[PDB]
Amino acid sequence: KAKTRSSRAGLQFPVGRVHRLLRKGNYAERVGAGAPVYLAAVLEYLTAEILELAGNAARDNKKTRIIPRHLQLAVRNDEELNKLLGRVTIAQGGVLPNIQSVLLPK
Amino acid sequence: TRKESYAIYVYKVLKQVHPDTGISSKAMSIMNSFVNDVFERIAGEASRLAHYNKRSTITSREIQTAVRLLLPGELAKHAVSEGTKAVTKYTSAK
Amino acid sequence: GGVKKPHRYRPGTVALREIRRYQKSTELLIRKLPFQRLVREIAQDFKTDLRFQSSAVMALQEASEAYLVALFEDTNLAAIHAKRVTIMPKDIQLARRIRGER
Amino acid sequence: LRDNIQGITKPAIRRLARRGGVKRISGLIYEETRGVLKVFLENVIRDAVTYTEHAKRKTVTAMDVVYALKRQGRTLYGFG
Amino acid sequence: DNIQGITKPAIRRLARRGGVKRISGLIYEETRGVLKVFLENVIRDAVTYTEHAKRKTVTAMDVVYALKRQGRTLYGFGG
Amino acid sequence: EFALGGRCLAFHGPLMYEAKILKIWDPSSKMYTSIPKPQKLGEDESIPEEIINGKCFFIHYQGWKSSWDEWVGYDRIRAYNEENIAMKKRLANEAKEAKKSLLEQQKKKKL
């Protein structure tokens, strides 16, 4: 019986894969055991906050499945995810709806 | 032919968050490229840090100095906290 | 006596209406085939007979519309900067004279 | 082919600018913009035919396009 | 208050080097806040780097290193 | 004369307007012919009874939308010929004189 490293760490993202990748990435000569565990831990978090915010967006537009648009809202509405994904252009996102105050009718 | 990507993993964590919500495939690819990109940025900064400090190994420490150098503002604190409790559970479960 | 007059929305109402229409659309604007060709002649100059996937084009577009809607956006702020609602070629220029491509 | 820049029709350059939240597009913008589309699409496509040749491939791939956009800073999610 | 140490004539000197001929009076105090928040970005990263070397002193090398991260490389001080 | 799809000039208030003849109505057969074929009036289709005893034409005003499309009899419809075009010019001049009188009365109102 062989268990996975993710269940040892309590995660859903793969810790094993993120080790290989770290190794073959040659980011550095030697990689320790806890480095892929921490990275999988941070990646799942960032994948979660973004998925939550997307879930908050979708239900609003009363759509069952998340579609690429819901992911732009989530990112541009939030002021953190927007600095992170700030020079990133998501597919089929549109833009945050916004019109300037001087362009409004009097 | 075998294509490695984070499909089932992000789906799982999605049900962990929302066990009622679907996902688009293109939107998936958005998620997969996004986690790949942030992984590249966190791992690269780490590699750099190390090469500056004349070290040679990517300790969980570097990934932190990194997450706190890349992820902006609060997104960091909550990243660290979760990474530290994750590696704590990894060492507790050995 | 009473002569008719067609119902015409005042200059700007149709404008803002299609603004709200288009800021909810995610669909691409520049049409595909017209764009695809934009490249085959913008590439023929870099390498001959470079085939292109039906996804490279879609990508090179999504990336273009995204670039342009950003620039227009800073163009507008630049147009409002001079207290005007008309954008001008100088604006696209001030904007780009500050992103450092110029 | 040749001079297909005119394919990005004014009706469209507008729709984009409309997307960008502008209300009055002066003329003399439709020409400027198309010029900006042709400096951007240039660089990206150039950095993509260089990537294309390096791989000794002929088919400009969408994969290359994304890598090219990255170099210039405008990363694109949705393709790889 | 150490911020008010960035004096007006100094901000005027920066504008002159920047080619500005008439500085509003309300600029001076806007340039402080912008200055602070920027320094407050570099020096932050300068120190993350510092407390990664377990060094307690900061170095100019760490400063240009934090600039490289932000994006604005600085030549002339090492690295 | 009058043809399906042909030009015509028609009354509309005091003035003349160009129109397309889309349907031709025959009062005796309670029927009209249309363009993309004899057929009767539909469920939502009706003709005013002031003209329905005379030969009617369903017409569409040029430069104006389909909400202005209407049935007209020989009183309100004329063939597109040079006499009708000339009196159309004449009534356009009458409308121009009415607009000029509007300008004169408003400029006297300002004074």
# chains A, B, ... in the order shown; residues from 1 in each chain; ligands from 1
>>> residues_around(residues="range 76-79 of chain A", least_positions_apart="6", cutoff="12 Å", atoms="only C-alpha atoms", output="ChimeraX atom specification")
/A:49-50,52-54,56-57,69-70,85-90,93-98 /B:71-75
>>> write_last_selection(atoms="N, CA and C atoms", output="mmCIF file, in the first residue's frame")
data_model
loop_
_atom_site.group_PDB
_atom_site.id
_atom_site.type_symbol
_atom_site.label_atom_id
_atom_site.label_comp_id
_atom_site.auth_asym_id
_atom_site.auth_seq_id
_atom_site.Cartn_x
_atom_site.Cartn_y
_atom_site.Cartn_z
ATOM 1 N N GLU A 49 -8.940 30.930 -4.043
ATOM 2 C CA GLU A 49 -9.480 32.293 -4.045
ATOM 3 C C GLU A 49 -10.020 32.696 -5.412
ATOM 4 N N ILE A 50 -9.296 32.384 -6.494
ATOM 5 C CA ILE A 50 -9.780 32.803 -7.811
ATOM 6 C C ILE A 50 -11.045 32.028 -8.190
ATOM 7 N N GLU A 52 -13.240 30.786 -6.031
ATOM 8 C CA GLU A 52 -14.327 31.226 -5.212
ATOM 9 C C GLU A 52 -14.864 32.448 -5.876
ATOM 10 N N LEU A 53 -14.026 33.456 -5.997
ATOM 11 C CA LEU A 53 -14.505 34.708 -6.573
ATOM 12 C C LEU A 53 -15.245 34.473 -7.886
ATOM 13 N N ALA A 54 -14.780 33.519 -8.701
ATOM 14 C CA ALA A 54 -15.505 33.163 -9.915
ATOM 15 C C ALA A 54 -16.870 32.563 -9.596
ATOM 16 N N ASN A 56 -18.678 33.312 -6.913
ATOM 17 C CA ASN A 56 -19.502 34.458 -6.536
ATOM 18 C C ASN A 56 -19.989 35.213 -7.767
ATOM 19 N N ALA A 57 -19.112 35.376 -8.762
ATOM 20 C CA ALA A 57 -19.509 36.026 -10.007
ATOM 21 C C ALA A 57 -20.581 35.226 -10.735
ATOM 22 N N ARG A 69 -15.557 34.271 -18.890
ATOM 23 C CA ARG A 69 -15.867 35.648 -18.498
ATOM 24 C C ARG A 69 -15.867 35.773 -17.010
ATOM 25 N N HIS A 70 -16.533 34.850 -16.344
ATOM 26 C CA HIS A 70 -16.608 34.896 -14.912
ATOM 27 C C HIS A 70 -15.234 35.010 -14.292
ATOM 28 N N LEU A 85 -2.428 39.034 -11.595
ATOM 29 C CA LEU A 85 -2.792 38.864 -12.980
ATOM 30 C C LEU A 85 -3.031 40.236 -13.539
ATOM 31 N N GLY A 86 -2.001 41.071 -13.570
ATOM 32 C CA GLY A 86 -2.170 42.445 -13.997
ATOM 33 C C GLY A 86 -1.630 42.776 -15.346
ATOM 34 N N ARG A 87 -0.731 41.964 -15.857
ATOM 35 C CA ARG A 87 -0.264 42.172 -17.204
ATOM 36 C C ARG A 87 -0.696 40.950 -17.940
ATOM 37 N N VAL A 88 -1.747 40.317 -17.451
ATOM 38 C CA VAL A 88 -2.262 39.122 -18.075
ATOM 39 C C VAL A 88 -3.579 39.441 -18.731
ATOM 40 N N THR A 89 -3.823 38.876 -19.905
ATOM 41 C CA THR A 89 -5.059 39.128 -20.616
ATOM 42 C C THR A 89 -5.837 37.856 -20.789
ATOM 43 N N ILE A 90 -6.861 37.664 -19.988
ATOM 44 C CA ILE A 90 -7.566 36.419 -20.081
ATOM 45 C C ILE A 90 -8.358 36.317 -21.353
ATOM 46 N N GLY A 93 -12.669 37.652 -21.893
ATOM 47 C CA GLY A 93 -12.996 38.291 -20.637
ATOM 48 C C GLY A 93 -13.858 39.529 -20.764
ATOM 49 N N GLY A 94 -13.615 40.299 -21.788
ATOM 50 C CA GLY A 94 -14.335 41.528 -21.872
ATOM 51 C C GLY A 94 -13.577 42.415 -20.938
ATOM 52 N N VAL A 95 -14.223 43.450 -20.452
ATOM 53 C CA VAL A 95 -13.561 44.370 -19.582
ATOM 54 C C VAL A 95 -14.532 44.625 -18.475
ATOM 55 N N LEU A 96 -14.045 45.132 -17.361
ATOM 56 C CA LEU A 96 -14.957 45.467 -16.307
ATOM 57 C C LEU A 96 -15.813 46.572 -16.861
ATOM 58 N N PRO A 97 -17.125 46.440 -16.721
ATOM 59 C CA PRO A 97 -18.014 47.496 -17.175
ATOM 60 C C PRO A 97 -17.727 48.795 -16.463
ATOM 61 N N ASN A 98 -17.369 49.852 -17.180
ATOM 62 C CA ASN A 98 -17.167 51.151 -16.554
ATOM 63 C C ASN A 98 -17.214 52.323 -17.514
ATOM 64 N N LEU B 71 3.513 37.395 -4.947
ATOM 65 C CA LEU B 71 2.121 37.610 -4.617
ATOM 66 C C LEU B 71 2.062 38.927 -3.921
ATOM 67 N N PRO B 72 1.045 39.723 -4.225
ATOM 68 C CA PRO B 72 1.007 41.069 -3.674
ATOM 69 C C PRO B 72 0.122 41.200 -2.474
ATOM 70 N N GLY B 73 0.513 42.047 -1.546
ATOM 71 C CA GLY B 73 -0.324 42.301 -0.397
ATOM 72 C C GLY B 73 -0.837 41.120 0.379
ATOM 73 N N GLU B 74 -2.114 41.135 0.707
ATOM 74 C CA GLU B 74 -2.658 40.084 1.529
ATOM 75 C C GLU B 74 -2.576 38.745 0.852
ATOM 76 N N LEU B 75 -2.745 38.699 -0.456
ATOM 77 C CA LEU B 75 -2.768 37.399 -1.091
ATOM 78 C C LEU B 75 -1.613 36.613 -0.558
#
>>> interface_residues(of="chain F", to="chain C", cutoff="12 Å", atoms="only C-alpha atoms", output="ChimeraX atom specification")
/F:12-16,63-65,67-68,94-95,98-99,102
>>> write_last_selection(atoms="C-alpha atoms", output="PDB file, in the first residue's frame")
ATOM      1  CA  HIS F  12     -49.369  62.274 -46.149  1.00  0.00           C
ATOM      2  CA  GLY F  13     -50.922  65.244 -44.556  1.00  0.00           C
ATOM      3  CA  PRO F  14     -50.439  68.123 -46.992  1.00  0.00           C
ATOM      4  CA  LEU F  15     -47.220  66.813 -48.564  1.00  0.00           C
ATOM      5  CA  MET F  16     -45.984  64.339 -51.155  1.00  0.00           C
ATOM      6  CA  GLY F  63     -36.389  56.826 -45.965  1.00  0.00           C
ATOM      7  CA  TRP F  64     -38.848  55.840 -43.219  1.00  0.00           C
ATOM      8  CA  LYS F  65     -39.337  52.559 -41.387  1.00  0.00           C
ATOM      9  CA  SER F  67     -44.100  51.328 -38.969  1.00  0.00           C
ATOM     10  CA  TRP F  68     -45.137  53.953 -41.551  1.00  0.00           C
ATOM     11  CA  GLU F  94     -44.963  75.161 -49.970  1.00  0.00           C
ATOM     12  CA  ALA F  95     -43.452  73.366 -46.963  1.00  0.00           C
ATOM     13  CA  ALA F  98     -44.210  77.346 -44.215  1.00  0.00           C
ATOM     14  CA  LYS F  99     -40.793  76.823 -42.596  1.00  0.00           C
ATOM     15  CA  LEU F 102     -42.050  79.776 -38.972  1.00  0.00           C
TER      16      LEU F 102
END
>>> residues_around(residues="residue 32 in chain F", least_positions_apart="2", cutoff="10 Å", atoms="only C-alpha atoms", output="list in words")
residues 22, 23, 24, 25, 26, 27, 29, 30, 34, 37, 38, 39, 40, 41, 55, 56, 57 and 58 of chain F
>>> write_last_selection(atoms="N, CA and C atoms", output="tab-separated table (two decimals), in the first residue's frame")
chain	number	residue	atom	x	y	z
F	22	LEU	N	-46.03	47.49	-52.18
F	22	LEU	CA	-45.77	46.11	-51.83
F	22	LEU	C	-46.95	45.19	-52.07
F	23	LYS	N	-48.18	45.68	-51.90
F	23	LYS	CA	-49.38	44.88	-52.13
F	23	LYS	C	-50.36	45.69	-52.97
F	24	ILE	N	-51.14	44.99	-53.78
F	24	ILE	CA	-52.19	45.58	-54.60
F	24	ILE	C	-53.51	44.92	-54.20
F	25	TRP	N	-54.48	45.73	-53.78
F	25	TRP	CA	-55.74	45.24	-53.25
F	25	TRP	C	-56.86	45.40	-54.28
F	26	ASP	N	-57.70	44.38	-54.39
F	26	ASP	CA	-58.88	44.43	-55.25
F	26	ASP	C	-60.12	44.38	-54.38
F	27	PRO	N	-60.97	45.41	-54.39
F	27	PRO	CA	-62.15	45.41	-53.50
F	27	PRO	C	-63.17	44.34	-53.84
F	29	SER	N	-62.78	41.20	-55.06
F	29	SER	CA	-62.42	39.85	-54.65
F	29	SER	C	-62.06	39.74	-53.18
F	30	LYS	N	-62.02	40.87	-52.46
F	30	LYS	CA	-61.58	40.93	-51.05
F	30	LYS	C	-60.21	40.27	-50.89
F	34	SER	N	-49.19	40.24	-53.43
F	34	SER	CA	-48.02	40.72	-52.70
F	34	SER	C	-46.75	40.27	-53.40
F	37	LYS	N	-49.24	35.99	-56.60
F	37	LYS	CA	-49.71	35.14	-55.52
F	37	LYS	C	-50.87	35.80	-54.76
F	38	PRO	N	-52.09	35.54	-55.22
F	38	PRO	CA	-53.27	36.12	-54.57
F	38	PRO	C	-53.49	35.57	-53.17
F	39	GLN	N	-54.00	36.44	-52.29
F	39	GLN	CA	-54.33	36.04	-50.92
F	39	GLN	C	-55.29	37.05	-50.32
F	40	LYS	N	-56.08	36.58	-49.35
F	40	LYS	CA	-57.00	37.43	-48.62
F	40	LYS	C	-56.29	38.10	-47.45
F	41	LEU	N	-57.02	38.96	-46.74
F	41	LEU	CA	-56.47	39.64	-45.57
F	41	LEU	C	-56.23	38.64	-44.44
F	55	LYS	N	-59.69	50.77	-55.01
F	55	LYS	CA	-58.51	49.94	-55.22
F	55	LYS	C	-57.35	50.47	-54.38
F	56	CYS	N	-56.88	49.65	-53.44
F	56	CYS	CA	-55.90	50.05	-52.45
F	56	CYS	C	-54.52	49.51	-52.81
F	57	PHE	N	-53.50	50.19	-52.28
F	57	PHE	CA	-52.13	49.72	-52.37
F	57	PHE	C	-51.49	49.85	-51.00
F	58	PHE	N	-50.86	48.78	-50.54
F	58	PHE	CA	-50.03	48.82	-49.34
F	58	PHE	C	-48.69	49.39	-49.77
>>> residues_around(residues="range 22-35 of chain C", least_positions_apart="6", cutoff="10 Å", atoms="only C-alpha atoms", output="PDB file with C-alpha atoms, in the first residue's frame")
ATOM      1  CA  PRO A  68     -14.038  32.348 -19.171  1.00  0.00           C
ATOM      2  CA  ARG A  69     -15.867  35.648 -18.498  1.00  0.00           C
ATOM      3  CA  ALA A  91      -9.365  34.833 -22.985  1.00  0.00           C
ATOM      4  CA  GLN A  92     -12.950  36.005 -23.658  1.00  0.00           C
ATOM      5  CA  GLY A  93     -12.996  38.291 -20.637  1.00  0.00           C
ATOM      6  CA  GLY A  94     -14.335  41.528 -21.872  1.00  0.00           C
ATOM      7  CA  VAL A  95     -13.561  44.370 -19.582  1.00  0.00           C
ATOM      8  CA  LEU A  96     -14.957  45.467 -16.307  1.00  0.00           C
ATOM      9  CA  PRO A  97     -18.014  47.496 -17.175  1.00  0.00           C
ATOM     10  CA  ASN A  98     -17.167  51.151 -16.554  1.00  0.00           C
ATOM     11  CA  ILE A  99     -18.004  54.575 -17.988  1.00  0.00           C
TER      12      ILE A  99
ATOM     13  CA  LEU C  16     -23.895  55.010 -24.378  1.00  0.00           C
ATOM     14  CA  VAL C  57      -4.947  33.643 -35.418  1.00  0.00           C
ATOM     15  CA  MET C  58      -7.579  33.527 -32.746  1.00  0.00           C
ATOM     16  CA  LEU C  60      -3.119  36.853 -32.032  1.00  0.00           C
ATOM     17  CA  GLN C  61      -6.484  38.545 -32.119  1.00  0.00           C
ATOM     18  CA  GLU C  62      -7.623  38.116 -28.600  1.00  0.00           C
ATOM     19  CA  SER C  64      -4.856  42.430 -30.180  1.00  0.00           C
ATOM     20  CA  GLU C  65      -8.370  43.413 -29.222  1.00  0.00           C
ATOM     21  CA  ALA C  66      -7.142  43.249 -25.621  1.00  0.00           C
TER      22      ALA C  66
ATOM     23  CA  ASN D   4      -5.683  44.205 -45.746  1.00  0.00           C
ATOM     24  CA  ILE D   5      -5.291  46.559 -42.817  1.00  0.00           C
ATOM     25  CA  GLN D   6      -8.405  48.148 -44.173  1.00  0.00           C
ATOM     26  CA  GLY D   7     -10.154  44.991 -43.081  1.00  0.00           C
ATOM     27  CA  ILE D   8     -10.148  46.251 -39.556  1.00  0.00           C
ATOM     28  CA  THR D   9     -13.036  48.387 -40.635  1.00  0.00           C
ATOM     29  CA  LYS D  10     -13.939  51.655 -39.031  1.00  0.00           C
ATOM     30  CA  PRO D  11     -17.161  50.123 -37.910  1.00  0.00           C
ATOM     31  CA  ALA D  12     -14.951  47.804 -35.936  1.00  0.00           C
ATOM     32  CA  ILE D  13     -12.179  50.043 -34.760  1.00  0.00           C
ATOM     33  CA  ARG D  14     -15.085  51.859 -33.232  1.00  0.00           C
ATOM     34  CA  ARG D  15     -16.637  48.813 -31.694  1.00  0.00           C
ATOM     35  CA  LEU D  16     -13.298  48.250 -29.988  1.00  0.00           C
ATOM     36  CA  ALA D  17     -13.031  51.830 -28.852  1.00  0.00           C
ATOM     37  CA  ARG D  18     -16.657  51.631 -27.897  1.00  0.00           C
ATOM     38  CA  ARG D  19     -15.655  48.631 -25.960  1.00  0.00           C
ATOM     39  CA  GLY D  20     -12.953  50.754 -24.356  1.00  0.00           C
ATOM     40  CA  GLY D  21     -15.480  53.241 -23.122  1.00  0.00           C
TER      41      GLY D  21
END
>>> residues_around(residues="residue 44 in chain D", least_positions_apart="4", cutoff="8 Å", atoms="only C-alpha atoms", output="list in words")
residues 60 of chain C; 40, 48, 65, 68, 69 and 72 of chain D
>>> atom_distance(atom1="CA of residue 23 in chain B", atom2="CA of residue 80 in chain D")
17.2 Å
